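Enquirer: Attaching a single structure in C-alpha cells format; questions to follow.
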Ligand SMILES: N[C@@H](CCC(=O)N[C@@H](CSSC[C@H](NC(=O)CC[C@H](N)C(=O)O)C(=O)NCC(=O)O)C(=O)NCC(=O)O)C(=O)O
C-alpha cells in the first residue's frame, strides 16, 4: 500500500545519492554493461549460423561477410571471442553494482541503529532487547539479496526473453513468437504453483528437525537422572521416533522437488522440439536454409539456462520482502516524550529541587507514586528511606525524565522541566547506578567514558582521588587490561569504585546515588563513604540507601511509605517524636 | 589413515545392509538409472547431427536408418523424447537413492547417540553439554551432503567426461582426446587454486560480520548507561567502523568470485573454439567429417554444464569431511569403568554396608576422601554431617559407582562392589537428588518414570501415599498437564514430593537422601519428614542432611571433618562425651 510505496521511494533515495557523481557513473556503467552483455549473447548464435551455412554452401554472397572474415575459421574465432566478451561484460556489471549495493546497505543499517537509540526506554523495557539485533541483521541480508537479485537476474532475463521473442518474430514467421510466449508462460505458472506447494513441505521438515534437536539436548543435559535408573531402555526409542519423523519429511520434500524438475524439463523439451520441427518444415519447403535450425536451437538453449532457478529466487525474494518489511517497520516509531520547540536552556545558579504532588502509575492497575512533595534546599544532602513498595527506585527516573509525570510539576533551580531541552538536564545530572556495567574494553577507556575529550592527567587524578590507582597498579599491565566478560574479573566494590570515578570525572551539579546492597568489610565501607562525602562536598545531593546505617550522614531524612510521605527531618528529632522512622530502626538495628 | 579406512568401511557396511534385499535392489536400480541417463544424454546430440545432415543433403546414400524414422520430423521428435527420457531417469535415480541415504543417516545418528549416552560421568563433566548435540547435528548434515554429492554429481560427471572422450578420439581424429583432456585438466586445477584463495577470503570475511553483530548486541543491551551521558556519540562512530570493515571484506570476496568465473569462462570458450576450428578444417578438407560440427558443439556444451559448480562442491566436500571426522571421533571412546566377564548378579539378604579405608581424589592436587571406614548394620538409619569441605556429596556417587575407588574396599551385604554385575546394584539402589529436574511432559509420565511397565493403580496409590494426590488434584487438569519449562511452575516442596513419590514407586532395597537446602514452613517440613520415615521404615538408609536439626531422627550418627572420621554414635552419647557434635550444636543451634 502507501507504506510499500514509501519504502520503495526511501530505498531509491538511499540508492541514488544525487549529491555525488561517482555512484551515478557506476549505475550508468552497470546498465551499459548489462545491455552490451545481452546483445553479445544474442549475437553469438547468429555467428554460428553464418559459419555453418557458409560451410554447407562451400561443399555466401553478402556485403558484410567475405570482407571482415576471409574464411569460416575467422567466424568461429569470432564466435569464441564474442562468448568471452559477454562473460567479461557480466563480470564488470556485477562487480560495479555490488560495490554500491554494499554502500547503501551500510548507510541504511547505521541510520536504523542510530534512530533506535533515540527512542525512549519504555520501548526497550517492553521486549527482550536481544531480538532487535536479529531483526537488524535479517533486514540487512534481505536488502542485500533483494537488490542483488532484482539487478542481476530478474531484469537481464526479461531483456533476454524480449530480444529472443523480437528476433524470432522478425526474420521468421509469427508462429515462433506464439510458441515462445506460450512456453514461457506455462513454465512460469507451473514453477510458481509447485513452489507454493513445496513451501509447506519444507516448513514441516524444519519444525521436525528442530524438535528432534531439542529433545536430544534435553536428554543429554539430564544425564544423572537417566543413569539413576531405567538405563537407556526408553530414551533411545523416543529419539528414534523423532528421527523417523524427520526422515519422512525429508523424503517427501525430495520427491516433490524431483517431480517439479521433471515437469519443467518436459515443458521446455516439448517447446524446443516443436520449434525445431516447424523450422524443418520451413527448410523442406524451400523458403528457408540450413542453419536457421541451428540458430533456433542455440538461441532457445541460451534462453533456457537463466530460467532454471525460478522457484528458488521466487521463494527467497518473498522471504526477503517480508524481512525488509519488518526491518523498515522498526523505523518510523514515535517517541512518547519529546522536547518543545520553545524550550529554554537550563541555568544552574544553585540547585533547588522542589516536588509538588506528583502522580504516576507504570501500569494503571497499581499506583506507586501518590503526591510526593519533598523540597531539597541548595547545597543540602537529603535521604529517602522506606520499603520495597515505597517506590524509591523511580525518583531518579523522574528527575532524569525517563518517564513523564502524569500530573504535577517539578521546579529544578526554580524552573520547570517540561519546557526545557532534555540535553541540558541530562548534562547537568550525574548518577551512580546500583550495578554498573563495565564495557568489554580497557580500564582507561572505561574511566574516560565519563567525559569524552578529556586529558589523561584528568582521569589519572580522578582515579587517584577515588583511591583506585593503587588497585590499578596491581594489575599485570598499568592502566590497560581487558576487563569484564572474556577478560579480567573486577570486584563489585571495585566496579562501583569505577562508577564513582566516572561520575566524579563528569563533575555535575546534582548527583543521585542508590547504595547497592553488597557484602563489604568495614574498612572499604568507610573508604567509599568518605569518597561519596567528598563527591557531594559542594553539590545538591539526593541519596537512597538500602542500608539505613549509612543514611544518618545526610543533613535531612524523608521517609516514604506506600508511595506517600510520612515524616521528614533529621534522625535525632525523629527519635524525639518517635515517628515511623523510629519503628524502622526497631526492626533494623534492634 | 587407518581411521579413514575404518570410517569408510563402516559407512559402506551401513550403506549395504546385506540382510535385507530391499536396499540392494534400490542401489542396483540407482546405478542402472545413472548409466541409462548418461547414455541417453550423450546420445541426444547424435540424433540432431543425423537430422541436420539429412536435411542438408535433401536440399542418395542410405545408412539404413530410413526404416525407424521415415522423415526428419521423426528424428527431431526423437530429440525431445530422448531429452525427456534422460531427465526422467535422472529424477528416478535421485529419489531412489535419497531413500536409502535418509535411512542410513538416521541409523548412524541413533547409534552414535546411544553410545555417547553410555560413557562415564567424568567425560560428561569435562565437555560442555550442547556442544555434543551441535557436533551430532553438524556431522549428520555432513553425512547427508557427502553421500548425496558423491552419488549424484562426482561419479556421473566422471562417467560423462569419460564417455564424451570415448565418443571422441574415435569416429574423428586423435587430437580431440588431447583437447578434451588438457582443457578439463587446466579447468580443474585453476578452479581448485582460485577456490582455495576465495575460501581464505571468505573465512576472513565472516569474522567481521560476527564482530559487528556482537558489538550491536553489547551496545543495545547496555542502554541505560549510554543514555545517562554521551548518547548517540562514540557508539555510532564505532558501529560505522565495524560496518566499514565488513563492507570491505564483502567487496573483496565478490571481486574474487567474479575473477574466478571469468577465468573459467575464458578457458572453456577457447577450448570450444579450438575444437570447432579444427572440425571446420576437417570438413573443408573433404574428409568423412560432414555436417557434424553441430554434434561437436552440442557435445562439448553438454559437458560444460555439470562443471559449473566445482568450487562450491569442493569446498563443501572438504567441510563435510572434517565434520564427519569429528563425529566419528566422538565414537570409539573408551569408558574408564567396565564390568568384568566373571561378574555375578547381586543377591540381597538384608543390606550391610561396610567401608574399608577408601582413598579418593578427583584431582591429584587435592584429596577429599581419606580412609573412611564406617559400617552400617541391617535395617538401621545412619546420618553423615560435616562442613562443605567434609566431602559428604561423594559417598552416594561411590556407592552408586559413578567413579571408582583409588584404593579401598566396599562390602555390601557381605559382597564386593567391583566384581559383580553393575546392573544389579543400579537396580537395587534408590536415590533422592537435591534438585530433581521435571521433564517437559505430563505429570503422570514423570511420576511413572520411577518404574516402567507399572500399572496405573500402583502409580495412583504411590502418589496418594506420598501426600501429593491432594495437591495434584488442584491443577486445572487432573493427572495431565504441562510441567516444568514451557509450562506451569511447580513448588520446590511439590518438586521434592514428586521425587519422593518417584523413588517410592521404584521401591529399592537401599535408599540415599541429601536433604536439599530450601526455605520451608514447619508443617510441610514435618510432612516430608514423616514421608521420609515411611519410605525408610524397613530399609537400610544413608542420610546426609544440611540442616542438623533433622539428623538425630536417625539411629546412629557419624561426623566427618576434612574427609576423615571423627566420632560416631547417637547424639546423646555425643553430648555425654562432648565431641565435635557438641561444637556443631553450639555454633549451629546456639
Ligand atoms: N560460481 C562458481 C560456482 C559456485 C556457486 O555459484 N555456488 C552457488 C550455490 S547456488 S544452490 C541453490 C539451489 N537452487 C535449486 O536447487 C533450484 C531448484 C529449482 N526448483 C529448479 O527448477 O531446479 C538450492 O538451494 N536448492 C535447494 C533444494 O534443493 O531444495 C552460490 O550461490 N555461490 C555463492 C558464493 O560462492 O558466494 C563457479 O562457477 O565456479
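Protein chains in written order, with PDB author numbering: chain B, 117 to 175, 186 to 716; chain A, 117 to 175, 186 to 716.
All C-beta atoms in this analysis are idealised placements derived from N, C-alpha and C, irrespective of residue type, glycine included.
1) By alpha-carbon positions, which one of 671/B, 268/B and 239/B ends up nearest to residue 259/B?
2) Is residue 399/A close to chain B? Criterion is C-beta to C-beta, closer than 8 Å.
3) Indicate whether residue 330/B and residue 368/B have their beta-carbon atoms separated by less than 8 Å.
4) Keeping to the same chain, check which residues put their C-beta closer than 7 Å to that of residue 561/B; ignore five residues upstream and five downstream.
5) From residue 140/A to residue 123/A, what distance separates their C-alpha atoms?
6) Tell me which same chain residues have a C-beta within less than 6 Å of the C-beta of residue 345/B, skipping the five on either side of it?
7) What separation, rounded to the nearest whole angstrom, lies between the Cα atoms of residue 708/A and residue 508/A?
8) For residue 744/B versus residue 381/A, is the C-beta distance shorter than 8 Å?
9) Taking CB distances under 8 Å as the criterion, tell me whether residue 309/A reaches chain B.
10) I'd like the span of the alpha helix (DSSP H) that includes residue 666/B, first residue to last.
11) On the criterion of 16 or more Cβ atoms from any shown chain inside 10 Å, does residue 688/A qualify as buried, or is it exposed?
12) Report back the beta-carbon spacing between residue 406/A and residue 199/B to the nearest angstrom; my notes put them in contact at under 8 Å.
13) Going by the CB atoms, is the gap between residue 163/B and residue 205/B shorter than 8 Å?
14) Use the C-beta contact count for residue 296/B: other C-beta atoms within 10 angstroms, 16 or more gives buried, fewer gives exposed.
15) Looking at chain B, which residues of the segment 201 to 221 of chain A have a Cβ within less than 7 Å of any of its Cβ atoms?
16) Please name the residue in 517/A, 592/A and 230/A whose C-alpha comes closest to that of residue 629/A.
17) Relative to the C-alpha of residue 464/B, which residue among 245/B, 652/B and 495/B is closest?
18) Taking 7 Å as the cut-off, is the CB of residue 437/A close to at least one heavy atom of ligand 1?
19) Give the straight-line distance between the Cα atoms of residue 712/B and residue 254/B, rounded to the nearest whole angstrom.
20) With a cut-off of 8 Å, does the C-beta of residue 420/A fall near any C-beta of chain B?
21) So what does residue 693/A bridge to, in DSSP terms?
22) With a cut-off of 8 Å on the beta carbons, I'd call residue 481/B and residue 499/B a contact; round off their distance for me.
23) Say whether chain A places a C-beta atom closer than 8 Å to the C-beta of residue 519/B.
24) Give the straight-line distance between the Cα atoms of residue 148/B and residue 272/A, rounded to the nearest whole angstrom.
25) By the DSSP assignment, the alpha helix (DSSP H) with residue 534/A in it spans what residues?
26) Say whether the segment 521 to 539 of chain B touches the segment 585 to 604 of chain B, bearing in mind that this needs 3 or more beta-carbon pairs closer than 8 Å, one atom from each stretch.
27) Which bits of chain A does residue 450/B rub up against, with CB to CB less than 7 Å?
28) Ligand 1 and residue 259/A: does any heavy atom of the ligand fall closer than 7 Å to the residue's C-beta?
29) So residue 561/B contacts chain A; which residues on that side make the cut at Cβ distance below 9 Å?
30) If we cut at 8 Å on Cβ distances, does residue 538/B have a partner in chain A?
31) Please go through the same chain and pick out, in chain order, the residues whose beta-carbon is closer than 8 Å to the beta-carbon of residue 674/B, but skip the five residues on each side of it.
32) Which whole-angstrom value describes the C-beta separation of residue 422/A and residue 402/A, a residue pair presumed to lie in contact below a C-beta threshold of 8 Å?
33) How about the segment 693 to 709 of chain A and the segment 541 to 555 of chain A: do they share at least three Cβ pairs that are nearer than 8 Å?
34) Enumerate, from N- to C-terminal direction, the unbroken beta strand (DSSP E) stretches of 3 or more residues contained entirely within the segment 498 to 558 of chain B.
35) Any beta-carbon of chain A closer than 8 Å to the one on residue 619/B?
36) Name, in chain order, the residues that DSSP records as bridge partners for residue 486/A.
Expert: Let's see:
1) As a working mapping, residue 259/B is identified with position 133 in the first chain. Looking at the Cα atoms, 239/B is the closest of the given residues.
2) The sequence position of residue 399/A within the second chain is 273, counting from 1. Yes, contact with chain B.
3) Taking the first residue of the first chain as position 1, residue 330/B is located at position 204. Taking the first residue of the first chain as position 1, residue 368/B is located at position 242. In this structure, residue 368/B does not lie closer than 8 Å to residue 330/B by Cβ.
4) Reading the first chain from its first residue, position 435 is the one you call residue 561/B. Hits under 7 Å: 642.
5) Counting from one through the second chain, the residue named residue 140/A turns up at place 24. Counting from one through the second chain, the residue named residue 123/A turns up at place 7. Their Cα atoms are separated by approximately 21 Å.
6) Here residue 345/B refers to the residue found at position 219 of the first chain. Taken in chain order, the residues that qualify are 361.
7) For the purposes of this step, residue 708/A is taken as the residue at position 582 of the second chain. For the purposes of this step, residue 508/A is taken as the residue at position 382 of the second chain. Computed Cα separation, rounded: 18 Å.
8) Limits of chain B in this structure are 117 at one end and 716 at the other, which puts residue 744/B out of reach.
9) On the second chain, position 183 is the one that residue 309/A refers to. Not closer than 8 Å to any Cβ of chain B, the Cβ of residue 309/A fails to qualify, so no.
10) Within the first chain, the letter at position 540 stands for residue 666/B. Here residue 666/B belongs to no alpha helix (DSSP H); instead the beta strand (DSSP E) covers 666 to 670.
11) Looking up residue 688/A in the second chain gives position 562. Classification for residue 688/A: exposed.
12) Walking along the second chain from the start, residue 406/A turns up at place 280. Walking along the first chain from the start, residue 199/B turns up at place 73. Between residue 199/B and residue 406/A the Cβ distance is about 6 Å, and since that is below 8 Å, they are a contact.
13) For the purposes of this step, residue 205/B is taken as the residue at position 79 of the first chain. For the purposes of this step, residue 163/B is taken as the residue at position 47 of the first chain. Yes. Within cutoff.
14) For the purposes of this step, residue 296/B is identified with residue 170 of the first chain, where counting begins at 1. Exposed, by the Cβ-count rule.
15) 202, 203, 205, 206, 209, 210, 213, 214, 217, 220 and 221
16) Counted from its first residue, the second chain places residue 629/A at position 503. That would be 592/A, whose Cα lies nearest to the Cα of residue 629/A.
17) The residue labelled residue 464/B in the question sits at position 338 within the first chain. Checking every option, the nearest Cα to that of residue 464/B belongs to 245/B.
18) To locate residue 437/A, count along the second chain from 1; it is residue 311. It does: the Cβ of residue 437/A is within 7 Å (strictly closer) of some heavy atom of ligand 1.
19) In the first chain, the residue the question calls residue 712/B occupies position 586. In the first chain, the residue the question calls residue 254/B occupies position 128. Answer to the nearest angstrom: the Cα atoms are 41 Å apart.
20) Start at 1 with the first residue of the second chain, and residue 420/A comes out as number 294. Yes, residue 420/A lies at the interface with chain B (some Cβ there is under 8 Å from its Cβ).
21) Reading the second chain from its first residue, position 567 is the one you call residue 693/A. The partner list for residue 693/A (beta bridge, DSSP) reads 685/A.
22) As a position in the first chain, residue 481/B is number 355, starting the count at 1. As a position in the first chain, residue 499/B is number 373, starting the count at 1. Between residue 499/B and residue 481/B the Cβ distance is about 5 Å, and since that is below 8 Å, they are a contact.
23) The sequence position of residue 519/B within the first chain is 393, counting from 1. It does not; no Cβ of chain A falls within 8 Å.
24) In the first chain, the residue the question calls residue 148/B occupies position 32. In the second chain, the residue the question calls residue 272/A occupies position 146. Their Cα atoms are separated by approximately 42 Å.
25) Counting from 1 along the second chain, the entry for residue 534/A is found at position 408. No alpha helix (DSSP H) contains residue 534/A, which is instead part of the beta strand (DSSP E) from 533 to 538.
26) no
27) To locate residue 450/B, count along the first chain from 1; it is residue 324. Neighbours of residue 450/B on chain A: none; closest Cβ ~18 Å, over 7 Å.
28) Within the second chain, residue 259/A is the residue found at index 133, counting from 1. No - ligand 1 has no heavy atom lying nearer than 7 Å to the Cβ of residue 259/A.
29) Start at 1 with the first residue of the first chain, and residue 561/B comes out as number 435. Simply none; closest approach about 10 Å.
30) Working through the first chain from its first residue, we reach residue 538/B at position 412. Chain A contact via Cβ: absent.
31) On the first chain, residue 674/B is found 548 positions in, with the first residue counted as 1. Cβ neighbours of residue 674/B beyond the five flanking positions: 511, 710, 711, 714 and 715.
32) Along the second chain, read from residue 1 onward, the residue named residue 422/A stands at position 296. Along the second chain, read from residue 1 onward, the residue named residue 402/A stands at position 276. Residue 422/A to residue 402/A, Cβ: 7 Å. Contact.
33) no
34) 507 to 511, 533 to 538 and 555 to 557
35) One-based indexing of the first chain puts residue 619/B at position 493. Answer no: the Cβ-Cβ gap between residue 619/B and chain A never drops below 8 Å.
36) For this step, residue 486/A is matched to residue 360 along the second chain. BP columns for residue 486/A point to 495/A.
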